[PDB]
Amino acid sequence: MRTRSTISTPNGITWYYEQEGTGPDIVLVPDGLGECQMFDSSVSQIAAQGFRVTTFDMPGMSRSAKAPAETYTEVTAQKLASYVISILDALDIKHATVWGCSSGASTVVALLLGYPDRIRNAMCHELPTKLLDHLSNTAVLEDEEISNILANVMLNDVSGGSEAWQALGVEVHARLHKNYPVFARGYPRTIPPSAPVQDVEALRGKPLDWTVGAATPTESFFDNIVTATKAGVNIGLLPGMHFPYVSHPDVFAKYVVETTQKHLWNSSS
């Protein structure tokens, strides 16, 4: 029942994408590592509730690596939002609910603000607004040193579930290993300044639902809680840390389904 295919957009990207189900569109945008197999279990659970679920590897990453250098260097939320709109156009997805974590969170907020006609509602998780010098500084290391250090960081610091993270398996981890240097060079210096949450009044009243991981150290996304509260945006927690779709796929799926259902009800009302 799952479509697994490729599609090229006129900006030069050949995307790997997956699609399952029929009904209103839900689009799952990856975190900065750009790997959509992390959604595999949740895609089936969401689609089984009457939704068409689409996801894809991000440009330069995993199976979407056939892309121009512009699409994975000096990356901003606004560049990623333009890329996501390009694949939604190619797949004839006119109206979508969107989810994203990390750079995907910055992307879905940029999508909702920039393309309001196209986005039913956005779910953002752990949106990076601050530069982190220790992360930015990995960009000057050799590829194999970046891959070693960031594989260790993802497992031990932010996975929210070491058994589930390792259980992604060799094929996924081999793709992530090649993505770490692309991520490290392209994302950490340019994503946080692009954060589309600097104008709090622009967020007020928008169909946005914001989460942080329950186990994430308070300092990591303290600023997200403050910003969401100042904007009156619904803010809550998911179990785990940065990858709830890996650590707690059933809870993640239920959240996505219940939030989309809430916005479908409010759309008619």
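Note that residue numbering follows the sequence shown and begins at 1.
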According to the deposited model, is the average Cα temperature factor higher in 206-214 or in 60-68?
60-68
Output the stretch having the higher mean C-alpha B factor in the entry; the candidates are 197-205 and 227-235.
197-205
Out of 159, 179, 86, 103, which shows the largest CA B-factor listed in the entry?
86
Between 107, 138, 97, 129, where does the Cα B-factor run highest in the record?
138
If you rank every modelled residue in this chain by C-alpha B factor, which third holds residue 258: lowest, middle or highest?
lowest
Just say lowest, middle or highest third for the CA B-factor of residue 125 relative to the other modelled residues in its chain.
lowest
Sorting the chain's CA B-factors, does residue 48 end up in the lowest, middle or highest third?
highest
Ordered by C-alpha B-factor within the chain, which third holds residue 9? Give me lowest, middle or highest, please.
highest
Lowest, middle or highest third: which one holds residue 22 when the chain's residues are ordered by CA B-factor from the entry?
highest
